[PDB]
Amino acid sequence: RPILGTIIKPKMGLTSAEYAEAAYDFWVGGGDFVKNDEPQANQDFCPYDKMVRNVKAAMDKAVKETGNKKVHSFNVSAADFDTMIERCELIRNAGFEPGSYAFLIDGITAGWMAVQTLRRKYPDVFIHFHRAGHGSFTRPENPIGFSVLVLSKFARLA
Amino acid sequence: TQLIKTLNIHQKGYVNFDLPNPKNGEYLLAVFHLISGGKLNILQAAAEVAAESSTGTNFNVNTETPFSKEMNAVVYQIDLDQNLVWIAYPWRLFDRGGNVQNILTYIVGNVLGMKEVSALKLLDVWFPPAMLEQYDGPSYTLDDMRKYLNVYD
Amino acid sequence: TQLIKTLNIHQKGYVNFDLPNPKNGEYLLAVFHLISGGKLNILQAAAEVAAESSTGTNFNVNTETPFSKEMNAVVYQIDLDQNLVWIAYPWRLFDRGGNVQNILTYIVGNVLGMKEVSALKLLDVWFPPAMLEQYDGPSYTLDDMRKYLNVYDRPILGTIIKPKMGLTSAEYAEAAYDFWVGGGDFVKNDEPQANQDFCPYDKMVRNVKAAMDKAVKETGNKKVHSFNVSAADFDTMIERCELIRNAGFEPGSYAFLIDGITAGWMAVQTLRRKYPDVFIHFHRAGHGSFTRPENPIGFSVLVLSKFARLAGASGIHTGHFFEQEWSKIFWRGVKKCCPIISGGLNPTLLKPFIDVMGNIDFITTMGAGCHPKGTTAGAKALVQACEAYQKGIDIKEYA
Amino acid sequence: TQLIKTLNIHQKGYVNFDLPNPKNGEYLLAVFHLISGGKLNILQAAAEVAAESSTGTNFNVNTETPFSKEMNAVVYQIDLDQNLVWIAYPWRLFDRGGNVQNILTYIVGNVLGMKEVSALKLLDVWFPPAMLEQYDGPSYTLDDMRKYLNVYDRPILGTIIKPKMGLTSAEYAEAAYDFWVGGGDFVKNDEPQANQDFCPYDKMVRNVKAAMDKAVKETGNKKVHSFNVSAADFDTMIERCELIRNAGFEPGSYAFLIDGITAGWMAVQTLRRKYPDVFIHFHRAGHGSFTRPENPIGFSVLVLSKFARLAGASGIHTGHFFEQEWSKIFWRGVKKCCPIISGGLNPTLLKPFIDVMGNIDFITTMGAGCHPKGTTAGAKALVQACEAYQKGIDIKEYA
Ligand SMILES: [Mg+2]
Ligand SMILES: [Mg+2]
Ligand SMILES: [Mg+2]
């Protein structure tokens, strides 16, 4: 079967505990995959470290109530590469079991360099390429750009 | 007025033409050239763009909180003749530590891929000083290069 | 309405009775008992309090910005008959990193010294979940100490050692052993008990360790001692903490006592963050100035307990206006802060007190309750009363 | 006499009107305003206060020792008409290592919460030289700041920035520069001004450094900024301190502000001992509960200032019963704690205030005094008034 995933609604404005509770609600219902919103980061009302800890607790609880393992996709897109590495290491040292966490990256806005840095620094982690911003290149209304197929091929290459 | 009546409640949560002061310092101001992508009016598509670019609550969800409503981007000005939409983004939405790509992800991210708009061009943004505090800005300038080169005029 | 017309424009900037949702999550809510200090009405003094406790713009200044107006604390509800003022504090005002003393500096700081109020008592506060996200809360709870002690179905039985001070390390440890072997689970240092010359701190720690070990051997039950770690500076507090750890007690057998008022909230937060696995015993010696009903200026015991829980205290001594839920939702919430009862609780009064509280989740450090049959006999009587209450048998029948 | 006959033996152990020499050097002397809380006379309540603040032996306990009796605090003088009680505390009771919070825990701790007193105000204390030995006192003084500023013969000119909060780091730094360039020497962070999200602490420090450098260049005179280093815990406070040091300001240009009441006395002592070369600015936000005259329970402003001096504060905000000399003799003595004046001191009122104080050794942070000709113009007028006072010329003549 396809891997069943969800986004948390509202996208933003939820606290770490509220977001973790929604993730647990989806997970305990049988869903396998929960992703951070593509701009979900160290916001002041949902701090990144608190969000990671609360998501870890919610995933643990969902795993116990289900027996099935669960996967959360953390947005590691940051201002700079140091903050991205810090957030990646914080996810690692939470500490989730390997395979339970995926690194989400905004490949367009954060850039292909961040995608390649994630790929080479964390080959054992699922590199979740979020393409927020691709519309300028890929939208059919835009005569200038490149196709979604080109973007997918270069994401695979990266 | 009538365009407001065309909105549903979730869309109404992202439109406030009576915003007291868009330049109060809490909002990144953004003006878009917006044309809706069929069957939607300009205000409905504007509300969809504001939702997708701030908090994405365009449907009834039991996880909605009043604080998440406080984080909503707001359409506060529209220009029907020029197809212009002004949206106020509470810059508390943006990642701390001066993350610019996060702002770009918010305001020119998934909104560009929405079928709700046939055209969506971010024409200008206005940064309040309180938001500008969070970001570095340039530290080396053309004046520094001029001083190194001893080139002026 | 008329009181609004009385205000000047700068005062008007701190009053908004049409605040759409005070519980929208952007505001810490605070209710004050306010009586103005002459020539001002209640709303004028309320606006002055809101200004002094948020941004202090009560005069025309060319440096005022619209964002600073956004950070204004707002009087949104008043009660003329009861002299009550509700003020909404945008919790963006407060220092980041879970700083509790910063909130106290804002809302019960310079406002207490203002001549504009003859009375100013912070009765209650309300924390939105978004703000509660910023603060640690307790990490070690009474449930953790119950798990260590293997004690349930009865309140944790504690004691103070009499005399409070002037005993040697061996004498104090002997009294602690007497209470422990009598069946008591909890012994606390006196709130000023520290490295005194006649009762050196290291000797007291070692002697308490030996007494606890022998009491555990004689009883089989684990025992808990609460050490006062309040010191001159942070280094001495951390040194005394590490000395307790490296004595070395078994984890769970020692609690860190801190004089949260005199030693300060910073020490409480430092203990919470450096030792999350240790019970943080919040002693409130000195709170009387803030909390005593005879003092019109201060804050209530409820406010102090709420802020102690926010700072991360595992338990606070105990001896309204907001429907406060300590989540964190509109990881799920904030852990409990255990009530600690002090003063003259003999087994005769144990059952009515448990009836009064309505639960068993509290520590009860007896004072003058039983301090000629021996302290061990009194502790045994207390344990027997607790077991009688658990069994549902009456005290007289159980006697 | 008759009140002595009213006492029981345990209460008698805390009363000695025949104390030979209260100033013999063994006792901290404390005078309280005491009113008993019903059914007790002044002497029984005084004995209860002395017991609860020294050794807590008001009942028959088999653990009582003669040495703990030697450690009893003693009521040695009473004033029936004025409801005054003098208590001598053997200062061996106090934690070693210069622990000030321990003394406060003893004498203004649990006694404030006692039901035995309806009013209990610590009016004054007296420190013997032998006790004064144990405590640091200030190490950086207003004279050190005068030497750095090359300012003498006039009070140090200070300001608070209005609005208190809600300004950006650049806006706050610009206001500080506006005051500094106008001749003002001293600018202080607001007492809750910290790492707020809209005014980050590091950015505020850097912008203040730039503004101070610009003001020094434009004036030639050195300038001082007081940074609020009150934080959540030890590590954040010392991190902010080190950030100020490594900005890097020239030594003497920065003072550390600490909210001594809310942040606590251990924070003040830690700042004193970790940064003896830095002016320790003691902000007393929250003191109103202890010190307000409307509050019958607490301690006076004089007691707070004396204990701030003992803890090592360079200066404390300001706005009897003992002949207290701050030596250290019956290195010679304890360094001075500078008074810090706050609130509306325009040049018109400057001369009478200097007459009232009797000396020019104080910082005066103006509030609503001058905050449309400009902050720089107001600071220049204040400096001109100071120079007129130094020259002896009248203000009207100098204008
Ligand atoms: Mg999304
Ligand atoms: Mg006690
Ligand atoms: Mg202030």
# chains A, B, ... in the order shown; residues from 1 in each chain; ligands from 1
>>> interface_residues(of="chain C", to="chain B", cutoff="7 Å", atoms="only C-alpha atoms", output="VMD selection string")
chain C and resid 24 to 26 66 to 67 330
>>> residues_near_ligand(ligand="ligand 2", cutoff="8 Å", atoms="only C-alpha atoms and all ligand atoms", output="MDAnalysis selection string")
(chainID C and resid 160 164 190:191 285 342 367) or (chainID D and resid 110)
>>> atom_distance(atom1="CA of residue 73 (chain A)", atom2="CA of residue 92 (chain C)")
29.2 Å
>>> select_by_dssp(residues="region 208-244 of chain C", states="alpha helix (DSSP H)", output="list in words")
residues 208, 209, 210, 211, 212, 213, 214, 215, 216, 217, 218, 219, 234, 235, 236, 237, 238, 239, 240, 241, 242, 243 and 244 of chain C
>>> interface_residues(of="chain C", to="chain A", cutoff="7 Å", atoms="only C-alpha atoms", output="list in words")
residues 130, 133, 328, 329, 331 and 332 of chain C
>>> write_last_selection(atoms="N, CA, C and O atoms", output="compact mmCIF listing (two decimals), in the first residue's frame")
# COMPACT_ATOMS: atom_id res chain seq x y z
N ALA C 130 0.11 29.19 24.40
CA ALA C 130 1.24 29.64 23.60
C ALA C 130 2.34 30.21 24.48
O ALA C 130 3.53 30.00 24.22
N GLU C 133 4.07 27.44 26.51
CA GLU C 133 5.08 26.73 25.73
C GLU C 133 6.49 27.19 26.07
O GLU C 133 7.44 26.40 25.96
N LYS C 328 -1.28 24.42 27.48
CA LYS C 328 -0.32 23.78 26.56
C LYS C 328 -1.07 23.15 25.39
O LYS C 328 -0.46 22.77 24.39
N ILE C 329 -2.40 23.11 25.49
CA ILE C 329 -3.29 22.85 24.37
C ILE C 329 -4.53 23.70 24.59
O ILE C 329 -4.95 23.93 25.73
N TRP C 331 3.90 15.86 27.51
CA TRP C 331 4.03 16.92 26.52
C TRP C 331 2.72 17.67 26.38
O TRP C 331 2.69 18.82 25.95
N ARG C 332 1.62 17.00 26.73
CA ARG C 332 0.29 17.59 26.55
C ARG C 332 0.10 18.82 27.42
O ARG C 332 -0.56 19.78 27.01
>>> residues_around(residues="region 125-127 of chain A", least_positions_apart="4", cutoff="7 Å", atoms="only C-alpha atoms", output="MDAnalysis selection string")
chainID A and resid 99 102:104 118:119
>>> interface_residues(of="chain B", to="chain A", cutoff="10 Å", atoms="only C-alpha atoms", output="tab-separated table (two decimals) with N, CA and C atoms, in the first residue's frame")
chain	number	residue	atom	x	y	z
B	51	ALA	N	-4.35	32.33	3.22
B	51	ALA	CA	-4.39	31.11	4.02
B	51	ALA	C	-3.18	30.22	3.74
B	52	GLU	N	-2.93	29.92	2.46
B	52	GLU	CA	-1.83	29.04	2.10
B	52	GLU	C	-0.48	29.64	2.44
B	53	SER	N	-0.38	30.96	2.51
B	53	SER	CA	0.89	31.60	2.82
B	53	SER	C	1.08	31.92	4.30
B	54	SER	N	0.06	31.72	5.15
B	54	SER	CA	0.26	31.91	6.58
B	54	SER	C	-0.05	30.66	7.41
B	55	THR	N	-1.30	30.21	7.42
B	55	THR	CA	-1.73	29.16	8.34
B	55	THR	C	-2.56	28.07	7.69
B	56	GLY	N	-3.06	28.28	6.47
B	56	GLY	CA	-3.71	27.21	5.72
B	56	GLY	C	-4.92	26.61	6.38
B	57	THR	N	-5.80	27.44	6.94
B	57	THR	CA	-7.05	26.96	7.51
B	57	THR	C	-8.18	27.53	6.66
B	58	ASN	N	-8.47	26.85	5.55
B	58	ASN	CA	-9.56	27.21	4.66
B	58	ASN	C	-10.74	26.26	4.79
B	59	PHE	N	-10.70	25.36	5.77
B	59	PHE	CA	-11.76	24.41	6.02
B	59	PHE	C	-11.99	24.32	7.53
B	60	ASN	N	-13.11	23.72	7.91
B	60	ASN	CA	-13.44	23.57	9.32
B	60	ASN	C	-12.62	22.43	9.91
B	61	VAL	N	-11.73	22.76	10.84
B	61	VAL	CA	-10.93	21.77	11.56
B	61	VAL	C	-11.10	22.02	13.05
B	62	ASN	N	-11.19	20.93	13.82
B	62	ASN	CA	-11.35	21.05	15.26
B	62	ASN	C	-10.05	21.42	15.97
B	63	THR	N	-8.93	21.45	15.25
B	63	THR	CA	-7.65	21.82	15.82
B	63	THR	C	-7.38	23.32	15.75
B	64	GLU	N	-8.31	24.10	15.20
B	64	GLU	CA	-8.13	25.54	15.13
B	64	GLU	C	-8.12	26.14	16.53
B	65	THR	N	-7.18	27.05	16.77
B	65	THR	CA	-7.05	27.75	18.03
B	65	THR	C	-7.18	29.25	17.79
B	66	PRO	N	-7.59	30.02	18.80
B	66	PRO	CA	-7.63	31.48	18.63
B	66	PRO	C	-6.27	32.08	18.33
B	67	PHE	N	-5.19	31.49	18.85
B	67	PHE	CA	-3.86	32.01	18.56
B	67	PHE	C	-3.48	31.76	17.11
B	68	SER	N	-3.83	30.59	16.57
B	68	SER	CA	-3.61	30.34	15.15
B	68	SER	C	-4.40	31.33	14.30
B	69	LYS	N	-5.59	31.73	14.76
B	69	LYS	CA	-6.32	32.80	14.09
B	69	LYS	C	-5.56	34.12	14.18
B	70	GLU	N	-4.91	34.37	15.32
B	70	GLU	CA	-4.09	35.57	15.45
B	70	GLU	C	-2.93	35.56	14.46
B	71	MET	N	-2.44	34.37	14.10
B	71	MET	CA	-1.33	34.26	13.15
B	71	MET	C	-1.77	34.34	11.69
B	72	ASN	N	-3.06	34.52	11.41
B	72	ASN	CA	-3.54	34.57	10.04
B	72	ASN	C	-2.95	35.76	9.29
B	91	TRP	N	4.84	38.88	11.20
B	91	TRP	CA	6.18	38.32	11.03
B	91	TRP	C	6.59	37.40	12.17
B	92	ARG	N	5.70	37.17	13.15
B	92	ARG	CA	5.89	36.07	14.08
B	92	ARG	C	5.81	34.72	13.39
B	93	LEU	N	5.17	34.66	12.22
B	93	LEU	CA	5.13	33.43	11.44
B	93	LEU	C	6.52	32.98	11.01
B	94	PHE	N	7.42	33.92	10.80
B	94	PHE	CA	8.69	33.62	10.15
B	94	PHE	C	9.67	32.99	11.13
B	95	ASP	N	10.50	32.09	10.60
B	95	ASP	CA	11.50	31.42	11.41
B	95	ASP	C	12.43	32.43	12.07
B	96	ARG	N	12.72	32.20	13.34
B	96	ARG	CA	13.62	33.08	14.07
B	96	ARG	C	15.06	32.86	13.62
B	97	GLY	N	15.92	33.81	13.98
B	97	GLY	CA	17.30	33.76	13.57
B	97	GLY	C	17.58	34.38	12.22
B	98	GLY	N	16.71	35.26	11.74
B	98	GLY	CA	16.92	35.91	10.46
B	98	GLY	C	16.85	35.01	9.25
B	99	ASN	N	15.89	34.09	9.22
B	99	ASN	CA	15.74	33.15	8.11
B	99	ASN	C	14.98	33.84	6.98
B	100	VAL	N	15.67	34.11	5.87
B	100	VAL	CA	15.04	34.76	4.72
B	100	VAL	C	14.30	33.74	3.86
B	101	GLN	N	14.92	32.58	3.63
B	101	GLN	CA	14.27	31.54	2.84
B	101	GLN	C	12.95	31.12	3.46
B	102	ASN	N	12.80	31.24	4.78
B	102	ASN	CA	11.52	30.93	5.41
B	102	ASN	C	10.44	31.93	5.00
B	103	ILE	N	10.77	33.22	4.97
B	103	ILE	CA	9.82	34.22	4.49
B	103	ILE	C	9.44	33.93	3.04
B	104	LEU	N	10.44	33.60	2.22
B	104	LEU	CA	10.16	33.31	0.81
B	104	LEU	C	9.28	32.07	0.67
B	105	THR	N	9.53	31.06	1.50
B	105	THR	CA	8.68	29.87	1.53
B	105	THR	C	7.25	30.24	1.88
B	106	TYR	N	7.07	31.13	2.85
B	106	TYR	CA	5.73	31.57	3.21
B	106	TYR	C	5.05	32.29	2.05
B	107	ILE	N	5.63	33.40	1.59
B	107	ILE	CA	4.88	34.34	0.76
B	107	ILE	C	5.01	34.10	-0.75
B	108	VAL	N	6.09	33.47	-1.21
B	108	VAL	CA	6.22	33.13	-2.62
B	108	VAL	C	6.51	31.64	-2.76
B	109	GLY	N	6.00	30.84	-1.83
B	109	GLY	CA	6.20	29.41	-1.89
B	109	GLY	C	5.06	28.68	-2.57
B	110	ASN	N	4.29	27.92	-1.79
B	110	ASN	CA	3.21	27.10	-2.33
B	110	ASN	C	2.12	27.92	-2.99
B	111	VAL	N	2.02	29.22	-2.66
B	111	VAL	CA	1.00	30.06	-3.27
B	111	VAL	C	1.20	30.15	-4.78
B	112	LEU	N	2.45	30.08	-5.24
B	112	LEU	CA	2.72	30.15	-6.67
B	112	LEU	C	2.17	28.94	-7.41
B	113	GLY	N	2.09	27.79	-6.75
B	113	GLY	CA	1.56	26.60	-7.36
B	113	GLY	C	0.08	26.38	-7.21
B	114	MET	N	-0.64	27.33	-6.61
B	114	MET	CA	-2.07	27.15	-6.39
B	114	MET	C	-2.84	27.29	-7.69
B	115	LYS	N	-3.76	26.36	-7.92
B	115	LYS	CA	-4.68	26.46	-9.05
B	115	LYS	C	-5.67	27.60	-8.89
B	118	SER	N	-4.62	32.35	-11.56
B	118	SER	CA	-4.01	32.28	-12.88
B	118	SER	C	-2.77	33.15	-12.97
B	119	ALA	N	-2.71	34.21	-12.17
B	119	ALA	CA	-1.54	35.07	-12.05
B	119	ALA	C	-1.34	35.42	-10.58
B	120	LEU	N	-0.09	35.38	-10.14
B	120	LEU	CA	0.24	35.74	-8.76
B	120	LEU	C	1.68	36.25	-8.76
B	121	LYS	N	1.84	37.57	-8.76
B	121	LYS	CA	3.15	38.21	-8.80
B	121	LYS	C	3.31	39.09	-7.57
B	135	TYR	N	17.04	40.46	11.20
B	135	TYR	CA	17.83	40.07	10.04
B	135	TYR	C	19.12	40.88	9.98
>>> select_by_dssp(residues="region 109-279 of chain C", states="strand (DSSP E)", output="PyMOL selection string")
chain C and resi 117-126+156-160+186-188+224-228+254-259+279
>>> write_last_selection(atoms="C-alpha atoms", output="mmCIF file, in the first residue's frame")
data_model
loop_
_atom_site.group_PDB
_atom_site.id
_atom_site.type_symbol
_atom_site.label_atom_id
_atom_site.label_comp_id
_atom_site.auth_asym_id
_atom_site.auth_seq_id
_atom_site.Cartn_x
_atom_site.Cartn_y
_atom_site.Cartn_z
ATOM 1 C CA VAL C 117 -2.281 52.895 44.277
ATOM 2 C CA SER C 118 -3.045 52.581 47.970
ATOM 3 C CA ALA C 119 -3.752 48.875 47.406
ATOM 4 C CA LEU C 120 -2.521 46.648 44.579
ATOM 5 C CA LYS C 121 -2.840 42.883 45.070
ATOM 6 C CA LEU C 122 -2.369 40.522 42.132
ATOM 7 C CA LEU C 123 -5.075 37.965 42.910
ATOM 8 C CA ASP C 124 -4.788 35.635 39.915
ATOM 9 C CA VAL C 125 -3.025 35.178 36.592
ATOM 10 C CA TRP C 126 -3.987 33.203 33.490
ATOM 11 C CA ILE C 156 3.630 11.618 51.912
ATOM 12 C CA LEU C 157 4.452 11.980 55.607
ATOM 13 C CA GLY C 158 7.095 14.602 56.327
ATOM 14 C CA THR C 159 8.532 16.411 59.312
ATOM 15 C CA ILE C 160 10.682 19.330 60.358
ATOM 16 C CA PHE C 186 10.182 12.706 54.368
ATOM 17 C CA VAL C 187 12.564 14.897 56.354
ATOM 18 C CA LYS C 188 13.429 18.451 55.343
ATOM 19 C CA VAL C 224 13.584 10.976 51.310
ATOM 20 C CA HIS C 225 15.478 13.936 52.772
ATOM 21 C CA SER C 226 15.048 17.511 51.527
ATOM 22 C CA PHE C 227 18.344 19.423 51.592
ATOM 23 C CA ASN C 228 18.410 23.210 51.672
ATOM 24 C CA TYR C 254 17.206 13.513 48.174
ATOM 25 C CA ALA C 255 15.205 16.642 47.381
ATOM 26 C CA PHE C 256 16.709 20.087 46.795
ATOM 27 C CA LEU C 257 15.105 22.728 49.010
ATOM 28 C CA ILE C 258 15.327 26.318 47.776
ATOM 29 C CA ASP C 259 14.119 29.504 49.466
ATOM 30 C CA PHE C 279 12.515 17.084 43.417
#
>>> closest_residue(among="D:284, D:33, D:396, D:10", to="ligand 3", atoms="only C-alpha atoms and all ligand atoms")
D:284
>>> residues_around(residues="residue 264 (chain C)", least_positions_apart="2", cutoff="8 Å", atoms="only C-alpha atoms", output="ChimeraX atom specification")
/C:259-262,266-268 /D:261-267
>>> write_last_selection(atoms="C-alpha atoms", output="short mmCIF file (atom, residue, chain, number, x, y, z; two decimals), in the first residue's frame")
data_model
loop_
_atom_site.label_atom_id
_atom_site.label_comp_id
_atom_site.auth_asym_id
_atom_site.auth_seq_id
_atom_site.Cartn_x
_atom_site.Cartn_y
_atom_site.Cartn_z
CA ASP C 259 14.12 29.50 49.47
CA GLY C 260 12.37 30.76 46.35
CA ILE C 261 11.63 34.18 47.82
CA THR C 262 14.90 35.14 49.52
CA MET C 266 16.67 32.50 39.32
CA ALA C 267 17.94 29.90 41.79
CA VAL C 268 14.69 27.94 41.45
CA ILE D 261 13.99 41.27 44.58
CA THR D 262 12.65 39.12 41.74
CA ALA D 263 15.91 37.64 40.44
CA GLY D 264 17.00 37.11 44.03
CA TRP D 265 19.89 37.82 46.35
CA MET D 266 22.00 34.92 45.08
CA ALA D 267 22.03 36.61 41.67
#
>>> atom_distance(atom1="CA of residue 369 (chain C)", atom2="CA of residue 343 (chain C)")
6.8 Å
>>> atom_distance(atom1="CA of residue 65 (chain D)", atom2="CA of residue 378 (chain C)")
20.7 Å
>>> closest_residue(among="C:334, C:211, C:238, C:51", to="ligand 3", atoms="only C-alpha atoms and all ligand atoms")
C:51
>>> closest_residue(among="C:113, C:218, C:398, C:183", to="ligand 3", atoms="only C-alpha atoms and all ligand atoms")
C:113
>>> residues_around(residues="residue 143 (chain C)", least_positions_apart="5", cutoff="12 Å", atoms="only C-alpha atoms", output="number ranges by chain")
C: 138, 148-153, 155-156, 252, 279, 314-315, 335-338, 360-363
>>> write_last_selection(atoms="N, CA, C and O atoms", output="CSV table (one decimal), in the first residue's frame")
chain,number,residue,atom,x,y,z
C,138,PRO,N,7.4,22.0,36.1
C,138,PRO,CA,8.0,20.9,36.8
C,138,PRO,C,8.4,19.7,35.9
C,138,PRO,O,7.7,19.4,34.9
C,148,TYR,N,9.6,6.3,43.8
C,148,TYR,CA,10.8,6.0,44.5
C,148,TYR,C,10.5,5.4,45.9
C,148,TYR,O,11.1,4.4,46.3
C,149,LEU,N,9.5,6.0,46.6
C,149,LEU,CA,9.2,5.6,48.0
C,149,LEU,C,8.3,4.4,48.0
C,149,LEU,O,8.2,3.7,49.0
C,150,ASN,N,7.7,4.0,46.8
C,150,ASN,CA,6.7,2.9,46.8
C,150,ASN,C,5.6,3.2,47.7
C,150,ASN,O,5.2,2.3,48.5
C,151,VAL,N,5.2,4.5,47.8
C,151,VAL,CA,4.1,4.9,48.7
C,151,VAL,C,3.0,5.4,47.8
C,151,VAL,O,3.2,6.3,47.0
C,152,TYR,N,1.8,4.9,48.0
C,152,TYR,CA,0.6,5.4,47.4
C,152,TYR,C,-0.6,5.2,48.4
C,152,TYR,O,-0.4,4.7,49.5
C,153,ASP,N,-1.7,5.8,48.0
C,153,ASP,CA,-3.0,5.7,48.8
C,153,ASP,C,-2.9,6.5,50.1
C,153,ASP,O,-3.9,6.5,50.8
C,155,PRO,N,-1.1,10.3,51.9
C,155,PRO,CA,-0.1,11.5,51.7
C,155,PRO,C,1.3,11.2,52.1
C,155,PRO,O,1.5,10.4,53.1
C,156,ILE,N,2.2,11.8,51.5
C,156,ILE,CA,3.6,11.6,51.9
C,156,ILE,C,3.8,12.3,53.3
C,156,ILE,O,3.4,13.4,53.5
C,252,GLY,N,16.5,9.8,43.9
C,252,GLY,CA,15.1,9.9,44.5
C,252,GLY,C,15.1,10.0,46.0
C,252,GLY,O,14.1,10.4,46.5
C,279,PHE,N,13.7,16.3,42.9
C,279,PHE,CA,12.5,17.1,43.4
C,279,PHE,C,13.0,18.5,43.9
C,279,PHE,O,13.9,18.6,44.7
C,314,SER,N,9.0,21.4,42.0
C,314,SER,CA,8.3,20.1,42.1
C,314,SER,C,7.2,20.2,43.2
C,314,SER,O,6.1,19.7,43.1
C,315,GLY,N,7.5,21.0,44.3
C,315,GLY,CA,6.5,21.2,45.3
C,315,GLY,C,6.7,22.5,46.0
C,315,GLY,O,7.9,23.0,46.1
C,335,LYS,N,3.3,19.7,34.2
C,335,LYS,CA,3.2,18.7,35.4
C,335,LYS,C,2.8,19.5,36.6
C,335,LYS,O,2.9,20.7,36.8
C,336,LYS,N,2.3,18.7,37.6
C,336,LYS,CA,1.7,19.3,38.8
C,336,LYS,C,2.9,19.8,39.7
C,336,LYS,O,4.0,19.2,39.7
C,337,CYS,N,2.5,20.8,40.5
C,337,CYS,CA,3.4,21.2,41.7
C,337,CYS,C,2.7,20.7,42.9
C,337,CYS,O,1.6,21.1,43.3
C,338,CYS,N,3.4,19.8,43.7
C,338,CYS,CA,2.8,19.2,44.8
C,338,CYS,C,2.6,20.2,46.0
C,338,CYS,O,3.6,21.0,46.3
C,360,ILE,N,-5.0,12.9,48.1
C,360,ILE,CA,-3.9,12.5,48.9
C,360,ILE,C,-2.5,12.9,48.3
C,360,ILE,O,-1.5,12.6,48.9
C,361,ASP,N,-2.5,13.7,47.3
C,361,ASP,CA,-1.3,14.0,46.6
C,361,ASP,C,-0.7,15.3,47.1
C,361,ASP,O,-0.7,16.4,46.5
C,362,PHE,N,-0.2,15.1,48.4
C,362,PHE,CA,0.5,16.2,49.0
C,362,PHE,C,1.4,15.7,50.1
C,362,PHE,O,1.2,14.6,50.7
C,363,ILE,N,2.5,16.4,50.3
C,363,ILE,CA,3.4,16.2,51.5
C,363,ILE,C,3.0,17.0,52.7
C,363,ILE,O,2.6,18.1,52.5
>>> residues_around(residues="residue 17 (chain B)", least_positions_apart="6", cutoff="9 Å", atoms="only C-alpha atoms", output="ChimeraX atom specification")
/B:74-78
>>> write_last_selection(atoms="N, CA and C atoms", output="compact mmCIF listing (two decimals), in the first residue's frame")
# COMPACT_ATOMS: atom_id res chain seq x y z
N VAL B 74 -3.63 38.55 6.53
CA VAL B 74 -4.87 39.28 6.33
C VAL B 74 -4.78 40.07 5.04
N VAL B 75 -5.77 39.89 4.17
CA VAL B 75 -5.98 40.78 3.03
C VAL B 75 -6.63 42.05 3.58
N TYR B 76 -5.90 43.16 3.54
CA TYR B 76 -6.39 44.41 4.10
C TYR B 76 -6.66 45.48 3.05
N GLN B 77 -6.24 45.28 1.81
CA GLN B 77 -6.49 46.24 0.75
C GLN B 77 -6.55 45.51 -0.57
N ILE B 78 -7.50 45.90 -1.41
CA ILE B 78 -7.66 45.31 -2.73
C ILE B 78 -7.86 46.43 -3.74
